[PDB]
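Chains as they are written, first to last, in UniProt numbering: chain A, 159 to 469; chain B, 2 to 466; chain C, 264 to 382; chain D, 229 to 284; chain E, 27 to 396, 404 to 495; chain F, 28 to 400, 404 to 499.
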Ligand SMILES: Nc1ncnc2c1ncn2[C@@H]1O[C@H](COP(=O)(O)OP(=O)(O)NP(=O)(O)O)[C@@H](O)[C@H]1O
Ligand SMILES: Nc1ncnc2c1ncn2[C@@H]1O[C@H](COP(=O)(O)OP(=O)(O)NP(=O)(O)O)[C@@H](O)[C@H]1O
Ligand SMILES: Nc1ncnc2c1ncn2[C@@H]1O[C@H](COP(=O)(O)OP(=O)(O)NP(=O)(O)O)[C@@H](O)[C@H]1O
Ligand SMILES: [Mg+2]
Ligand SMILES: [Mg+2]
Ligand SMILES: [Mg+2]
C-alpha cells in the first residue's frame with residue numbers, strides 16, 4: 159500500500175544481489191519520486207555497479223505518455239541482452255501500477271467508456287501485452303522483480319486482481335504490520351510461492367514452514383477473542399499459542415543494511431540454513447524465558463541471547 | 002406490407018414498417034426463413050414489439066436464438082399478442098412459451114380457440130366480498146395458516162426437503178375433493194429438471210389433471226419474462242368460462258424479477274436503484290393483480306422464494322412480500338427425524354388467522370398451538386444437556402404434549418404410494434378443529450407418540466394405536 | 264482540498280466526462296505538477312532550498328479516501344493529526360505510529376543522533 | 229464456602245445470559261448498515277457509469 | 027390545434043404541432059384516454075398518459091382540452107367511488123357535478139390562518155390520550171408493514187358521524203381485496219353516504235398513482251372554503267414517491283441519493299401545504315390530513331421518511347415488535363410527538379390525565395432494566418392494558434375520559450392484570466343505569482363534573 | 028466486399044458488407060480473421076481474433092460466407108490446440124477431416140435421461156460427500172490459490188481405467204503455467220486421452236471469449252458418436268472480462284457493474300449443452316466443471332450468484348480453512364449436490380449417513396464447544415478423527431474401492447484408537463496391507479459394485495489392528 163516499506167526492501171535486494179550476480183542489471187522506475195531516482199544514480203556511481211548497469215527515468219513530472227513507455231524501455235534493453243548476447247539479466251521494475259493508472263487518465267479523452275471503479279475497458283488487453291514479454295527462455299534466463307502499489311490499501315480492486323494472475327511468487331505487505339513497528343511488513347499468511355514443493359526445497363523445509371504458517375494462522379482468531387473474553391478466561395493451553403506466536407512473529411523482523419539511515423545500525427547477515435535452524439529452535443522450546451522485546455530487529459538467532467545479555 | 006429488418010444487436014432487433022401502418026405495442030411478429038443456398042441459414046424467430054422510435058421504426062426483443070439474420074429480410078404481422086390454445090386440449094401436456102408442445106405426442110390442431118396473454122385486469126365491481134377459506138386437507142396447513150381463495154402464498158424450506166411432492170399432492174387433492182384444473186409454470190428453469198419432474202408426475206398419474214409451461218435457461222430474456230403470463234391465460238380461461246377453483250404454481254419469482262432486470266438493461270433504460278428497472282413496481286403488479294377471486298371462482302397461487310443476499314430490504318423481496326398473504330417454512334432439522342412434511346410451525350405466518358375470519362374456537366386452537374410449542378422450542382437446549390426427570394412438572398408436561406404435537410404434523414399422501422405403499426388419507430377442515438382441540442386438552446396423551454406418524458385423521462390414529 | 268474542489272467544478276462545466284468521483288482523474292497529474300516544483304539544488308546550481316508544508320482535509324478523517332491516498336503518494340512524508348486524541352490532551356495531536364518521514368536522519372544536528380535517533 | 233461456590237456459578241450463569249443477548253441486535257443492525265452501504269455503493273457506481281455513457 | 031404523435035415510449039409520448047398548448051393542460055387522445063403536458067421544447071411537446079397506453083399508435087390525433095388540471099367537485103360525488111380523472115368506478119350512472127377546482131391552485135398563506143384549540147375526535151384511546159390531534163394539524167402515520175395502519179384510519183373515519191365532517195379516503199398502489207373489504211365495511215356502517223373514496227390500484231399506470239392525492243385534496247378543500255370541516259387520509263405516500271421515481275427515471279433526470287430526484291421536498295410540499303384553518307375572510311372551516319408512510323426496514327433515518335417528516339407537524343411510528351407482543355394498535359410511548367399543547371383536549375383531560383405520557387414512557391424504559406420502583410412497576414401493566422381496544426369499538430369521548438380518570442387516579446390497583454380488560458367492558462354497563470347525568474354534563478360544559486360526586490360514583494361499582 | 032473506417036483496441040467498424048450475417052466470418056488482406064457482432068444501419072462491428080497492429084483505414088474486407096467451424100477428430104487427442112483450429116505445438120497439421128459448427132442446439136427435455144452412474148477423481152471428500160454423476164454439471168467458485176487446479180488435475184489423471192475422453196481448457200493464462208501443468212500430466216501419461224485448449228494473455232480477448240465454446244464443440248462429437256466426454260475449465264469468469272471489453276468498445280449499454288445483461292444468456296447458451304443423451308440419438312454422456320473467480324469470498328457478487336443459478340450444485344473453496352490442513356479446501360456446509368444420492372456405488376450409500384451424523388455436528392459444534400473439557407466429548411473426539419482422516423497428500427489419487435473400504439473402517443468405529451497425528455500414516459499402511467491380505471474383496475467390489483459380506487469384511491480390519499504399530 160501507501161508508505162508500507164516497499165522501497166527499502168527493493169533497495170536491499172539490489173544491494174545484495176547485483177553486487178555478486180554477474181548478470182546485466184536494469185532498474186526502471188515507472189511511478190516513484192524523483193528524489194529517490196536522483197539519489198540512486200549517485201549511490202550507484204559510488205557502489206561500482208555502474209559499470210554493469212543501465213537506467214531509465216522520467217518519473218512523475220510528465221504526462222501519462224512517458225509513464226507508460228518508461229516501463230517497456232528497460233525491457234527493450236533486457237531483450238537484446240538476452241536474445242543475442244545471452245548473459246543472465248536482472249530486471250527491477252518499480253511501481254508498474256502507474257502504467258495502468260496512466261491509461262485511465264487518457265482513456266476518458268480517447269472515447270472509451272468508464273468501467274467498474276473507473277478504469278479503462280482495455281485493462282487486461284493492455285496489461286497482458288507487457289506481462290508476457292518479460293519471460294525466461296531456453297536461450298537465456300531473466301530474473302525480474304516488480305513493485306505493485308495497491309490503490310486504496312484494499313486488495314479487491316480490479317488492478318490487483320488482474321496483476322495477481324502472472325506472478326510466480328507474491329509477498330504481501332499489510333499497513334497494520336507497518337504500524338506495529340515490526341519491519342519488514344510481510345504478512346506470512348497471504349505470501350505464497352511455487353517453490354514450496356518437496357522436490358525443490360526438501361523435507362527439512364516443508365514441515366517447519368507449514369507448522370509456523372499454521373500456528374500463525376491459528377493465533378489470528380484467538381488474539382481477536384482475547385480482545386473481549388479477557389486474558390485468563392481462555393485455557394492455559396490456548397494461551398501457550400499466543401505465548402509462542404508472539405515470539406515467532408517478533409523474530410520475523412530483521413535489521414537491514416540499507417536502512418542504516420533510519421536505524422543507525424549496520425545490520426547483520428544470515429544464511430538460509432540458519433533461518434530453518436532458528437525456527438526449529440524457536441519451536442523446540444529453547445527460548446521460552448527470553449523477553450519478546452528482545453527479538454525486535456535482530457538477524458541471526460545468536461544475536462538474541464546477546465541482546466538479553468545487553469538488557 | 003410485411004416489415005423489414007435494418008438493425009440487429011444480439012437479443013434486441015429493430016424493425017421497419019413503411020407507410021406508417023405500424024403495429025401495436027406488445028404485439029407479436031413472426032419471421033419465416035429458409036436458406037436459398039449454402040450462403041444462408043434457416044431460422045424461424047419471433048419478436049415482440051416493446052417501443053416505437055419514429056421514422057416508421059420499432060424496437061423488438063427476441064424470443065429465441067437470433068443468429069443468421071440478414072438486412073433486407075422480411076418479418077410478418079399477426080395483429081394480436083402471443084396467443085395460447087385453451088380448452089380440453091391443454092390438459093396433460095407440456096408447452097413452451099410460444100405455445101407449441103415440447104413432447105412428441107403431436108401438435109394441437111388449428112380449430113381450437115386461442116386466447117391472448119396481455120389483457121386488462123378484472124375490475125372493481127367483480128371481486129368477491131367474503132374471505133372464503135380454501136380447504137386443503139393438510140393437517141398443519143389447515144390449522145396454522147389457512148389459505149384464502151384468490152390470495153397468494155409463499156414457500157420457504159431447506160435444500161431438497163420435499164419441495165416437489167408438496168406441490169403434486171395439492172393437484173390430486175383439488176381433483177379428488179373439489180375438482181379443478183392446475184397449471185405449473187417454470188420461470189427460466191433448468192432443462193434437465195423438467196424431465197425429472199415429468200417422470201415423477203407420470204408415475205403418480207397426476208399429469209393428466211394439469212397443464213405445464215416451460216421456459217428454459219438457454220432462452221433469451223425476452224421469452225423468460227413471458228412464461229408466467231403465458232400460463233396465467235390457461236389458468237384464467239377455466240375460471241372464466243367454466244368455473245371452479247384453479248391453482249397456478251410459480252417456481253421462482255426471483256428469476257422473474259431478474260429477467261426483468263436483464264431486459265431492462267437491454268432496452269436502454271437507465272438502471273434504477275440497485276440497477277433494477279424504473280418500472281419495477283408496475284411490471285410485477287400486472288401479474289399479481291390478475292390472480293384474484295370473483296364471485297364464481299378463484300385462481301390461487303403457490304410460489305417459492307429466493308433472496309439475493311438475505312437482504313429483505315432489497316427492492317425485489319420488498320416489492321414482493323407486501324403482495325403475499327401467507328408464508329410457510331420447512332426445516333431440515335425436523336426432516337432428519339423423518340417428519341414428512343417438515344413444515345416449520347413457528348416461521349409460518351398468514352394474515353387470515355383472525356377471529357373474525359375463522360371463529361373464536363378455531364382462532365384459540367390455532368394460536369395456542371404456537372403458544373405452547375414455544376416452551377419446547379426454548380427448553381430443547383437445556384434438555385439436550387441434562388436429563389428431563391429432574392425438572393419441574395411444567396417442563397415434563399410441556400415435553401409430554403410437545404412430543405405429540407411434533408409427530409401429529411405428518412400425514413400420508415396419495416403420491417407417497419410409489420415409494421411407500423399407503424392408501425392416502427385426508428383431513429376434514431371441520432374435523433381438524435375438533436381433533437386439535439381434543440389433543441391440546443390432553444384427551445389423547447396416553448397414546449404412544451410415534452404412532453401419531455403419517456396419517457390424516459385422529460380416528461385412524463386411535464385405530465392404529 | 265478546496266483547490267481540488269475548485270478544479271473539479273472548473274472541469275465539470277467544460278463538458279469533460281467525470282471519473283472515480285466527482286473529482287476528475289487528472290488530480291494526480293495536477294499535484295505532480297505542483298509538489299515536484301520544489302528542489303534542493305546542488306553546488307553547481309546555487310545550493311538553495313525550497314520546502315513546502317501542504318495542508319489537506321478529508322471528510323470524517325477518512326485517510327483511505329481518494330484525495331488523501333492520492334496526495335500521500337507524492338509527498339516525502341505525512342503528519343497525521345487525529346481528532347480523537349485532540350481532546351484527550353495531547354497537543355499537537357500528532358500520531359507517532361502512522362506519521363512517516365522519508366528523509367529521516369539526513370538533515371538533522373548530530374547531537375540528536377546520539378540521544379533520540381530511534382525514539 | 230459451598231454456598232458461595234454455588235452462588236458463584238449462579239452469578240456466572242446470569243452473566244452469560246445477559247451477555248448473549250445484545251450481540252444479536254448488534255449483528256442485525258450492522259447487517260442492515262451493510263446492505264445500505266452495498267446499495268449506496270452500487271447506486272453511486274451505476275450513476276457514474278451512466279453519466280459517463282451519456283457524456284460519451 | 028392539430029398534430030401527430032411520433033413517440034409512444036413507456037407511457038410517455040412526444041407530440042408535434044400544438045401551437046397554443048399551455049403548461050399543465052389536460053389533453054385527450056383519439057383513443058379516448060386523458061393525458062397531460064409537462065414540457066414544451068422548441069418543436070415538440072411532452073405528454074404523460076393517464077391510462078392504458080397500449081392503444082396509442084404513431085400518427086394518432088391528439089386534442090386540446092382548453093383548461094388547466096381541473097377535477098370536478100360537489101355534492102353529487104358523495105356516495106360514489108370515483109377515478110381521479112373524474113369517472114365513477116362502480117357504475118351507477120354518470121356524475122352530475124358542475125363545479126370544478128384546479129388541483130394546482132395556490133395555497134392560502136399569510137393573514138389566512140389561525141391557531142388550533144379544538145380536537146379531532148378519533149375514539150382510539152391510546153392516540154387522543156397521549157398524542158392529541160386538532161383540526162388544521164397534519165399528523166404523519168408512518169411505520170412498518172403488516173402492523174395495522176389502515177385499521178386506525180378506518181376507525182377514525184367511522185367515528186366522525188357525530189361531528190358532521192365530510193371526508194375523503196384515498197387508496198394508492200393498493201390491492202383491490204383490501205380496497206373492497208374497506209368499501210364493504212363503510213357501506214355496511216353507512217359511511218359512504220358522506221365520505222368519498224378515490225382509488226388508484228397497483229395494476230394502474232404510475233401517473234395515476236402520482237396524481238391521486240392531488241385530486242383527493244382538491245375535492246376535499248372545496249367544502250372547507252364553503253365553511254365546512256373536512257378530514258382527508260392518504261393510503262401510502264411511499265408508493266407515490268416510488269411512482270415519481272419511476273416517472274423521473276423514464277424522463278432521464280439525474281438521480282440523487284437512492285435514485286430519488288431532488289423534487290421530493292417540492293412535490294410533497296405542493297401537496298401538503300394545502301391544509302389550513304381559514305380566517306374570517308373565507309370562513310372558520312379547517313382540514314386535517316393523515317398521510318401514510320411505509321418503512322422498508324423500520325429505520326427512520328431513510329431519505330423519504332425524513333423528507334416527509336420535514337413538512338408534517340408530527341408523527342406516530344408504528345412498530346412491528348409490538349405487533350407480536352399482544353398489543354394492538356402498535357403505539358410507542360417513546361418517539362412520537364404532537365406539537366399542539368394540552369389545552370386542545372377537553373379541560374378535564376389536561377386537568378387530570380395529562381401525566382399519562384410520562385407515566386407510560388418512564389415504565390417503557392424502566393422495564394428494560396427490571404420498594405418505590407417495585408410499586409412503580411405495578412402501574413405500567415395497567416397503563417398499557419387499559420389503553421388496549423379491539424376492532425370497531427370506538428368508545429365515546431365522555432366514557433373515554435371517565436375511564437382514563439379511573440385509571441390515572443389509581444382506582445384499578447385491586448383488579449388483577451388479566452381481568453383489567455373485563456372491568457372496562459362491565460364498567461360502561463354500570464354508568465348508563467347509574468351515572469347518566471355525567472355524560473350530558475361532559476358533553477355540554479366541556480369540563481370535569483363535581484369531584485366529590487365523580488369520586489362517589491365509583492365506589493358503587495367497586 | 029467493403030472498407031474499414033475505424034480501428035482501435037482490436038475492434039473495427041466497416042462500411043459496406045451488405046449481406047453479412049450475424050456471426051459470419053470476415054477476412055482482411057493481412058490474413059487475420061474477424062467476427063461480426065453488431066449490425067448497425069451504416070456500419071458493421073468486426074471483432075478481431077489476432078494481432079491488429081498492421082490493419083489500416085481503407086483496407087478491404089472480404090466476406091467468407093460461412094459460420095464458425097471447428098475441426099474435430101480422435102487423432103487430436105494429445106495435441107495442444109488453440110480455441111481456433113490452428114496448431115500451437117507444431118508437429119504438422121491437426122489430422123482432422125470433419126468440422127462442427129459451434130452453434131449446436133442444446134438437447135431437448137425428452138432427449139435426456141436420469142443419471143445414476145458416477146464420475147471419479149480420487150479424493151475422499153469430493154467423490155463422496157458432494158457426489159457427481161456422469162451427466163452432472165458442478166460449480167467450483169473461489170479466489171486465487173486454495174488449490175482449484177488440483178481438482179481438475181485429479182479429475183483428469185484418475186480417469187485411467189474408466190474410459191473418459193477429456194478436454195482441459197486454460198483461458199487467458201500465462202503459457203509457462205500451462206506448459207508446467209502439461210509436463211506434470213506427461214509424467215502420468217494423461218496425454219493419451221486428453222486435449223488441451225490454450226489462449227494466452229498476449230492473444231486477443233476474443234480468443235478468451237471463444238475458448239469455452241470450442242471446449243464444448245470439440246467434446247460433443249464423441250458424445251454424438253457414442254463416447255463419454257469430460258470437459259474442465261481452468262477459469263471461466265475471465266469470459267466476462269473479455270465480454271466486457273468488446274461490449275464496452277462496441278458501445279453496448281452498460282449494466283449493474285458494466286456487465287451487459289447478456290451474461291445469463293452467454294453462459295447458458297454453453298452450460299446447457301451437457302446432458303445424458305437418450306437412445307433415440309445416442310447413449311453418450313457429458314459432464315462439465317465450470318470455474319469462477321471471487322474477490323475475498325464475496326459470494327453475493329454478481330457473477331457468482333449468476334452462475335450459481337444454472338449449476339446442479341456448488342463447491343466453494345474457502346481460504347481461511349485452506350491453512351487448517353484440509354486440502355483441497357472443500358467445506359461441507361456451503362456445498363450440496365441436488366443430484367447426489369443416486370450416482371454412487373451401493374457400497375457408499377450404505378454408510379455415508381453415519382459419516383454425516385458425525386461431521387455435520389462437528390463442523391458446527393467445534394468452534395465453541397471445544398474449550399469445555404461422555405457422549406459429547408466422544409462426539410468431539412470422533413469428529414476430530416474424521417476431519418483428520420479426510421485429508422490427502424499431494425497428487426495421490428485413490429480408486430473408489432479403497433475409498434469405500436476406508437470410509438467403512440472409519441464409520442464402524444474401529445478406527446478411533448489410532449491417535450490424531452498418526453492417522454495419515456494409518457490410512458496408507460492400510461492401503462499397503464489390503465493387497466497382501468487379499469484381492470477377493472477388491473474383485474467383488476469391482477464386479478458387483480456392492481459391499482461384500484460384512485462378517486468377512488471385518489476380518490481384514492481385525493487382522494490388521496493386531497499388527498499395527
Ligand atoms: N527497517 C526500518 N526501520 C524503520 N523505518 C523503516 C524501516 N524500513 C522502512 N522504514 C520506513 O518506511 C518508509 C517506507 O518508504 P517507501 O518504501 O518509499 O514507502 P512505499 O512502501 O514504497 N510507498 P510508496 O513509496 O509511495 O510506493 C521509509 O521511508 C522509512 O521511513
Ligand atoms: N387494533 C386492532 N385490534 C385487533 N386486530 C386488529 C387491529 N388492527 C388490525 N387488526 C387485524 O390485523 C389485520 C391487519 O390490519 P391492516 O389494517 O390490514 O394492516 P395494514 O395496515 O393494511 N398492513 P399494510 O397492508 O402493510 O399497510 C386486520 O385485517 C385485522 O384483522
Ligand atoms: N492437497 C494439497 N496439499 C498441499 N498443497 C496443495 C494441495 N493441492 C494443491 N496444493 C498447492 O497448490 C499449489 C498450486 O497452485 P494453486 O493453489 O492450485 O493455484 P490456483 O490459484 O489454486 N489455481 P490457478 O488459478 O490455476 O493458479 C502448489 O504450490 C501446491 O502446494
Ligand atoms: Mg517507496
Ligand atoms: Mg395496509
Ligand atoms: Mg492452479
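Every residue gets a Cβ at the ideal spot worked out from N, C-alpha and C, and that includes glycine.
- Bounds of the beta strand (DSSP E) holding residue 75 of chain F are 71-75.
- The beta carbon of residue 367 of chain E lies closer than 6 Å to none in the same chain, with the five residues before and after it left out.
- Its Cα nearest to that of residue 421 of chain A, the residue A:412 stands out among A:429, A:412, A:428, A:427.
- Shown in chain order are the members of the stretch 355-371 of chain F whose Cβ falls below 8 Å from a Cβ of chain B: 363, 365.
- Under the Cβ criterion of 8 Å, residue 120 of chain F is not counted among the residues facing chain D.
- Taking 7 Å as the cut-off, the C-beta of residue 171 of chain F counts as close to a heavy atom of ligand 3.
- Along the length of the stretch 92-122 of chain E, whole beta strand (DSSP E) runs at least 3 residues long occupy 96-98, 107-109, reported in chain order.
- Between the alpha carbons of residue 353 of chain C and residue 177 of chain A lies a gap of roughly 47 Å.
- With 6 Å as the limit between CB and the heavy atoms of ligand 5, the residues that fall short of it are E:175, E:176.
- Close CB contacts of residue 249 of chain F within its chain, under the 8 Å cut and outside five residues either way in sequence, are with 101, 192, 255, 256, 311 (chain order).
- The continuous beta strand (DSSP E) containing residue 125 of chain F extends over residues 125-128.
- Counting the other CB atoms within 10 Å of its CB gives residue 22 of chain B a total below 16, which places it among the exposed residues.
- Under the 8 Å criterion on CB atoms, residue 258 of chain D is classed as non-interfacial with respect to chain A.
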